[PDB]
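# Structural characterization, general
Here is how the chains run, residue by residue.
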Amino acid sequence: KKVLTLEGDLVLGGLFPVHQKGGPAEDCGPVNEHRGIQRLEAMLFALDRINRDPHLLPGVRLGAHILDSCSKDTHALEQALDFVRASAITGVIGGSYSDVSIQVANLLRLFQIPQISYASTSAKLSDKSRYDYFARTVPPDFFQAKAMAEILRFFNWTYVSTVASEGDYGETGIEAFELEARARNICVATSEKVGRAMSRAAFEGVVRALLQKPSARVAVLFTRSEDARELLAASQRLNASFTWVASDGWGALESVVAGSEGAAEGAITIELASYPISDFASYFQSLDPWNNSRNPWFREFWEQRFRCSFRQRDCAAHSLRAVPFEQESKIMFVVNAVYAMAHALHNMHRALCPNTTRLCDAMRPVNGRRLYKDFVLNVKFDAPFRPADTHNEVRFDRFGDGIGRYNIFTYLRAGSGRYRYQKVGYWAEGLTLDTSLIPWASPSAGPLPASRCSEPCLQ
Amino acid sequence: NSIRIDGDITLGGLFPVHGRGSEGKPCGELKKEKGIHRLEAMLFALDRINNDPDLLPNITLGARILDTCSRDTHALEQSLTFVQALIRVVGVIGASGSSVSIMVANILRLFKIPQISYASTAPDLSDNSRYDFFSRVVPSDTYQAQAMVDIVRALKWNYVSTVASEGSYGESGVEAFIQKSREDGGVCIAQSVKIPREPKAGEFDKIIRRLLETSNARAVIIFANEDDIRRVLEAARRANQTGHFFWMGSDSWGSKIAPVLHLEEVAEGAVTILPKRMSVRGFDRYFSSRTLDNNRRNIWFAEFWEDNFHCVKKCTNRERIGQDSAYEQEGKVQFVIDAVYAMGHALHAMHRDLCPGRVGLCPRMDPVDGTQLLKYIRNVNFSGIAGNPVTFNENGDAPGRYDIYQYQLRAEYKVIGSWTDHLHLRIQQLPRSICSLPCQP
Ligand SMILES: *[C@@H]1O[C@H](CO)[C@@H](O)[C@H](O)[C@H]1NC(C)=O
Ligand SMILES: *[C@@H]1O[C@H](CO)[C@@H](O)[C@H](O)[C@H]1NC(C)=O
Ligand SMILES: N[C@@H](CCC(=O)O)C(=O)O
Ligand SMILES: N[C@@H](CCC(=O)O)C(=O)O
């Protein structure tokens, strides 16, 4: 359909979930304002800096072939054939969804096409037997269930209920969480699984099942962004009080809680620790639907955000520099993925063609055997746009993963401030969050909400 | 390695003549029952459609059968040959493996090649939205889950434990069984056992420890592959638990010598479920007739000759299959005979409509379209070689009709019931696996 066609000596692939899944409706419709265009423009912003960096691939002019997956594994694989028409895709940077990334990885493995995923926490891509050409910067779902299991132990939450999202992300998270919960003496109640495409009436069924064990006031949530909002919407209707322990799917984005914002007051969400990019903030803010002709989806993005139309002579007045800008918490991973092979290509260029800073006729046929195997090795380099007084470094382990750095978020309802996400701790191989910042954990608030199956009995 | 036959149109096929290999090796020990016994069945079926003139007259059918060593990863690399030109086969026969067939169904739909499987019973594979071109000739495992609940209820079983293997079959098998178990509310699951894809030697020993931990869970239900049932059964002998556990087997443990070979001590008193089948006489006088220097098309037939007969030196060519005392005409050999027949009948119907009067392959349908052929497959209605009616549905599944087999000693499987619509089990087995014995009035 619509794809980016940036040109250069060698082009670089991409796969972003621009649109939302339509289910029984059309394949995918409305765009994503935080995990879509914001991540889509992050790659272009990173590519522009590399193309103008004298110390990173001089005279190479990296291209872009960003496709569209829009949160559909079948749709992602259907258009993934464009990445393999030549076999010239030297690499693919995409797979924001675990289900999407798994399907693309299998196809690209046959043609030896290295792939980097900026957001894929499933604890199965680390298996090199099945995916030997896969690398990523985000940690797997291994040092993520322990963080949530320890939080439950920290609050002495023993009897809990788990909600799983059908696919290759929720099921993997539940299995990792289940074994950690058993090893930490955490009781497990009935577990309910939600399908990828289910009616809104079915979403009321699972919340009813969670209400059928009333000593389970704590619900552990393993769902994608499009599956957690429906449960929250199903919580206002048939009103119930359930505190939420959220996975990476919930995140700190202010769209899964918008609307049904009263049913997740005591919700704890764990995201991936990162820092905002000051340079990217100016790039995204200083954008217009007319000047920015590189992105075919920018015109559609200007319809949902800054509500207007391009037919009745509307728009052309709103500017992104006026309204506040909320940067996605995973923009750092997107710009790190682009720079991951940018230095690797420079390292490959320095060794394969040590004659001039151009193509030496030997790197024209790109092979995954020599590239990825030399790419999974030490590509240790300073993180781009790193803030001051920090020692962050981009590197890959033997499994092609990143370091296990996490953070803890809670949902606030402060007066004269509507609602706001506040960071209350991090996970540096151990819990460090404080108790005085959580509204329901404050000493001057009453007993904390707990979920024990049998009130303990004294001697 | 390929066994391609030259023909006007070629038919893809995936058969697991080998097994999963440990360590870095992607292939393991040669599988006699799965694979080779079904490999020549399609070849025999392909050699019978090309003989009679009532089906596809003056049209010879080729083949592009490949090797899948019971490995999901290895199955995708081989399947690239089917769509190498379209980056030409008209149809591809799906592999027995549930997880293997899934990875072939999500890539063949991109290039629009219909797929017909014979031994994959994944409830997931019934989703039309994700698997457009996948067709099945066997009932799904979701019907087996209801059947097992009916069987255990008739046996008054109350406390059972479930064992599942890693993949899309074991995980989707017990999950369907557990959900249907809660619907009736009569039986409950003691615990769930997960078998890793590549575990250690002592991992299987730990599996029986958890089963023995709940000593009152006398009956255990296993959803495992062909090579996993034997290993778990062997661990029971080394733990001195011969007769303590009664095994509840799925369609992966039908009438098969291999899971009960040299293990007829723990396998006793085990009841299993297999779909409708019959002993075809045509294939009885075909496998026993093929010998060395005759079936030179099958490369792996030489390996089959070495492994089966030697079971060493002096490999003389003076032995026959009939005297091996190991040929049993495996149950799922029938399901691949009519699988190609259903696809062949669809091609015959397509040939008549798109080529009126032209006996040969008319140029109007030379670039065969998978989408056009897909609707023909859904409307195939004929009788198989044994006599069973072959009919598909809107999702490409098959009607649920099974048989109940119980392993007896006299070492031969005997029919003890059926699951036509509700149940037909007739009383053997012994009443056990009942926790919370009556505590008197
Ligand atoms: C309960 O949690 C508190 C911290 O809030 C701490 O005393 C300990 O982790 C738990 N104590 C008991 C008795 O469970
Ligand atoms: C196939 O033909 C039979 C012939 O009696 C009849 O049941 C019907 O037309 C077809 N069956 C199904 C299940 O569609
Ligand atoms: N890592 C989560 C969410 C990724 C994202 O969209 O930010 C997943 O695999 O579903
Ligand atoms: N249908 C089961 C059993 C296949 C077999 O080995 O016959 C599966 O897909 O694993």
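Residues numbered from 1 in each chain as written, not as in the entry; some residues may be left out. Chains lettered and ligands numbered in written order. Part of a larger assembly, values for the part shown. Heavy atoms only, no water. Residues with missing side-chain atoms left out of burial classes, pairs and counts.

Method of determination for the deposited model, per the PDB record: cryo-EM, at 3.6 Å resolution.

All right, on to the overall build of chain A then. Looking only at helices and strands, chain A features 11 helices and 17 strands. In terms of overall dimensions, chain A has a C-alpha envelope of 80 × 55 × 45 Å along the principal axes. (Helix = DSSP H or I, 4+ residues; strand = E, 2+ residues; numbered from the N terminus.)

To continue, consider the overall build of chain B. Of regular secondary structure, chain B possesses 11 helices and 14 strands. Whereas a compact globule of 441 residues would reach a radius of gyration of roughly 22 Å, chain B reaches 22 Å, a difference of no more than 12%. With respect to the principal axes defined by its C-alpha atoms, chain B has extents near 80 × 55 × 40 Å. (Rg over C-alpha atoms; globule rule 2.2 N^0.38 Å.)

A word on the pairing of strand β10 (residues 271–275) of chain B. Residues and elements named next belong to chain B. Counting buried residues in β10 gives five out of five residues, a clear majority hidden from the surface. Burial along β10 is two-sided: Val-271, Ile-273 and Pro-275 facing one way and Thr-272 and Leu-274 facing the other are all buried. Of the pairings in the sheet, the one linking strand β9 (residues 246–249) to β10 comprises two bridges and is parallel in character. Across the sheet, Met-248 pairs through a bridge with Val-271, a residue of β10. (Buried < 20%, exposed > 50% of the residue type's maximum accessible area, 1.4 Å probe, protein only. Pairing = 2+ DSSP bridges.)

All right, on to unusual backbone geometry then. Residues and elements named next belong to chain B. Even without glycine at this site, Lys-314 takes up a positive phi of about 60°. Its place among the elements puts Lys-314 in the loop between α9 (300–310) and α10 (333–354). Of note, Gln-429 is a non-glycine position whose phi angle comes to about 65°, a positive value. With respect to the element layout, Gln-429 can be found in the segment after β14 (412–418).

Residues and elements named next belong to chain A. Close contact between helix α1 (residues 37–51) and helix α8 (residues 278–285) brings their axes to 10 Å; oriented N to C, the two are set at 110°. Considered as vectors, α1 and α8 are oriented roughly perpendicular to each other. The element α1 and its partner α8 pack so that their crossing is right-handed. Here α1 contributes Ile-37, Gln-38, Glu-41, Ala-42, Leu-44, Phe-45, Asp-48 and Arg-49 to the contact with α8, which in turn contributes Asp-279, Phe-280, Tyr-283 and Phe-284. Its residues placed into classes, the contact of α1 with α8 shows seven nonpolar, one polar and four charged. (Axes fitted to C-alpha atoms, helices over the stretch in contact; angles between N-to-C directions. Parallel < 35°, antiparallel > 145°, perpendicular 65-115°, else oblique. Left-handed = near helix turned anticlockwise from the far one by under 90°. Contact = heavy atoms within 4.5 Å. Nonpolar A, V, L, I, M, F, W, Y, C, P; charged D, E, K, R; others polar.)

Tallying each qualifying case throughout the model produces 43 aromatic pairs over all chains. Seen from their ring centres, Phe-44 of chain B and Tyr-286 of chain B are 5.0 Å apart, and the 35° between their planes marks the pair as tilted. Look at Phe-301 of chain B and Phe-304 of chain B: their rings are 5.9 Å apart centre to centre, the planes differ by 35°, and that puts the pair in the tilted class. Placement of the pair is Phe-301 of chain B and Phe-304 of chain B together in helix α9, with a separation of three residues, close to one helical turn. Here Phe-301 of chain B and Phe-304 of chain B have matching classes, each one buried. Within the aromatic cluster, the residues linked to one another by ring pairs are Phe-45, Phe-280, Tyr-283, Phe-284, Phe-298, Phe-301, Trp-302, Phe-306, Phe-325, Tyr-339 and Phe-385 of chain A. Looking at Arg-299 of chain A, its charged tip hangs above the ring of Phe-310 of chain A, at a distance of 4.4 Å from the centre. Lying across the ring of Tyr-376 of chain B, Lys-375 of chain B places its NZ or CZ 3.5 Å from the centre. (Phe/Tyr/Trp six-rings, centres within 6.5 Å; stacked < 30°, edge-to-face > 60°. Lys NZ or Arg CZ within 6 Å of the ring centre and 35° of its normal.)

Time to look at the pattern of salt bridges. Residues and elements named next belong to chain A. A complete count under the given rule lists 37 salt bridges over all chains for this structure. Among the ionic pairs, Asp-401 bridges to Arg-136, the shortest N-O distance being 3.1 Å. In this pair, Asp-401 sits in the loop between β15 (393–394) and β16 (406–412) while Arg-136 sits in strand β7 (residues 134–136), placing the two residues 265 residues apart along the sequence. One exposure class covers both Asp-401 and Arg-136, and it is buried. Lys-193 serves as the salt-bridge partner of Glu-166, at 2.5 Å between the closest nitrogen and oxygen. Placement of the pair is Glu-166 in the loop between β8 (159–165) and α5 (170–183) and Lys-193 in strand β10 (residues 192–194), with a sequence separation of 27 residues. Via salt bridges that share partners, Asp-73, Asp-99 and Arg-196 belong to a single interconnected network. (Salt bridge = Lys/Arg side-chain N within 4 Å of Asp/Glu carboxyl O.)

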